[PDB]
Every structure is written in structure tokens, then in C-alpha cells.
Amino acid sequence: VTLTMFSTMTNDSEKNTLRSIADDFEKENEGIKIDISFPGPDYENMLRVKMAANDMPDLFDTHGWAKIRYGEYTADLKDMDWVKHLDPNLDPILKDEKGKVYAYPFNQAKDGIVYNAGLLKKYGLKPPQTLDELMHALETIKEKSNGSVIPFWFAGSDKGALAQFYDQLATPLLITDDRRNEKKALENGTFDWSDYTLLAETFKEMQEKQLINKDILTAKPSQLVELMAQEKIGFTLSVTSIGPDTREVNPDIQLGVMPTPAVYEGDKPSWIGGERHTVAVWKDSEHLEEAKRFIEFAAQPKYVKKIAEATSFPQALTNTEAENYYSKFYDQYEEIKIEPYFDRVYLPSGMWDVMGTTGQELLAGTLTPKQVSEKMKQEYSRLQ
């Protein structure tokens, strides 16, 4: 029997690691073969088509939507052994009031911004805690290195790489400042999107002042490691997970990680948390028990550790004696709270693609910042 498995993993390191775990399983389980697909930027649409057809892979990544999008398609995992080791922070995300456990997490999100620590030290820059401090850090980097380095780098041929910027900054913009937020209108379903303009404007000024890569619209995730590894990049969104690979290329580099900065004075930064890579079992799998056996195999301390190390993402289980990759900085920001992804819990499914699409067009010049907010509103209403 062959089990189908789908994953949102796009990093060669992590994908191979997953593959070799799948292989170790196959060699310990005679009847059972595992085929894994990694469609990356096309993942979410492929799974929407599979849900609509009700023809799901046996194992599939839920990538932040286990309950809200995939819930009806998932088998209940609550009786599996690994469950007692789930980091409590994920309890409300992967469990419901019935006791159901919707998916198994390979890791979890703790997303901010990654930077070249040695470069920041060279320009007398502390890690920015506000958007405005970030913009100033970008300006210093540019003029101080005299244009040698790209202050903030985005693989903008990939929509998600741009959506990511908006999605993270929406939190401090619209949610966390209890004096300036839009939770009520978001929970009404009446949010008008005027605030969102600030984000699009910010990105436009970043390209206006050459604070980002000029090849942003053509830049691909492939190219990042190379440039970080040769000290031509100040900042990237932490989700690019390049610290493992760039170290393997150049062990001299001191990278740091910092939370997503605040937008309004008085507000604090936030880590953005929740699911990153998960595997759920299709409720209607013909090999339910085999599919769960893969998960049980994968949840062994050793394989948790393998998969943990293949990224810089923190671990999801409490059972691993291993420290998180950036535990050093996390101690330094023990004060900072964790927020869920803005699009995962405050928006209907669909807004992520619009976020990324409109990020591209802003950069290409097809839309002004105001017209970006307008497209988001239009699509947000359409989704209700």
C-alpha cells in the first residue's frame, strides 16, 4: 500500500530530511510506501481543488488552517501518544472543545525578522523594535555601506514572500495596540482597509529609497542563502529559514532574530506563532492506521530532532531535550508575547493570495498604496 503525503515544505534541507524519515519508516514497515509531494507556491490551490473533489492525500499539511479550513477533512488524533507532549501554546490551535486533535506539528512558527548581527554591530545599530526604527536602520545600512548591501531582501517572484511582510505587520498595525486597533470592525466583518494603506506605502518607500533588492520582482527564494552568506543582506523575514544553510556555507556569520516590530509608539513587538509544518490524516483514508503509524514513527525523539534541525523553526513538542535554534535571542525577548497570523484568524480563506498578488502589483506600479487597500476590501467583501 502506497500512502500519499503533501507538504508545504520548500527548503531542500527540510524536504530531504522528511524524505529520509519517510525512508526509515518504509524500511521498518514492509507493506507500506510513502510518496511525498512538495508543490510549494501552488500548495493551497491544489488542496482547495482536492477538498472540493473530496479526493485528499492520506497525509497532508494544514499550514495554519487545520481547524478552520481542513477541519472536516481531518482524522481525530487525540488518542495518539505524542499528544501529551504538545506545547500547550498550540492547544487552542490544534484541539477543539470536543477533545479532537486535528494535526501533528513538525515544528511551530515564531516569526519575526532575521538579520546580519555582525553587520548591524558594524553600523552601531541595535535591532529595531518599531517600524520607524527599522526604516532608519535600513537607511543607515544603505548609506553606511554605500550601497554595497541590500538592507531588506525579498524573493518577490514568490507571492507568499511579499504577502508575508503585510501579514506580519498587520498584527501590530490592526490588532495589538489597544489604543489603535481594528478588532471590532474585523469581528463585525465591516473592516474598511484604510489602515492597511500604511503598509503598502511603507513598501513603496522601501523601493523608492532602494532599501530593498532591485531584482525583487524576479528574485527567487533560491538566491537568498548565497547573498546572506556573503554579507550582502541586512534583513530578511525570519520565515526564510536561511540560518542553517548559510552557516553550512559560511560559519563566520552571526545571524540574529528579533520579533516583528511594533508600529505605534507605546506598543510592543510580537512574535507571530501557530502552525508551520504539520501533517493531518485524511479522515476518509483507506489506510488510516498506516497513515497514523507514520506520524507515530515521526514523533520519536530522534526524528523530531532531525526535523527540528532541518529548519530554524522552534519545536512543537516538549519531549525534545534539544534547545530551539534561536533560544539565545528568545531568552533576550522573554517579554514579547505571541500573536497568531493575522490572515489565519482575522480573515476569510483567500486573502493570503490577494495579499501577495497586490504586493507584486504595488512594486510593479500597477497599483498605488490606496488602490492596494481597495483591492483587499473588494476581495474581503466578495469572500462574504
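Residues carry their position along the shown sequence, with the first being 1.
Taking only the CA atoms, which stretch has the higher mean B-factor in the record, 88-96 or 117-125? Between 117-125 and 88-96, it is 117-125 that shows the higher mean C-alpha B-factor.
Report the stretch with the higher mean CA temperature factor, choosing between 159-167 and 235-243 on the basis of the entry. Comparing 159-167 with 235-243, the higher average CA B-factor belongs to 235-243.
Which one of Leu255, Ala103, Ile307, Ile272 shows the top CA temperature factor in the record? Going by the entry's C-alpha B-factors, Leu255 comes out highest.
Go through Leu317, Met51, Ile32, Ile68 one by one and give the residue whose Cα B-factor in the PDB entry is largest. If I rank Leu317, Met51, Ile32, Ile68 by C-alpha B-factor, first place goes to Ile32.
CA B-factor ranking of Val1, expressed as a third of its chain: Highest third.
Based on the entry's values, in what third of the chain does the Cα temperature factor of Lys142 lie: lowest, middle or highest? Highest third - that is where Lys142 ends up once the chain's C-alpha B-factors are sorted.
Chain third (lowest, middle, highest) by recorded CA B-factor, residue given as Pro251: Answer is highest: the recorded C-alpha B-factor places it there.
Per the entry's values, where does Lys27 land by CA temperature factor relative to the rest of its chain, in the lowest, middle or highest third? Its C-alpha B-factor, which the entry lists for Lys27, ranks in the highest third among residues of this chain.
Which third of the chain does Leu211 land in by C-alpha B-factor: lowest, middle or highest? As the PDB entry reports it, the C-alpha B-factor of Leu211 lands in the highest third of its chain.
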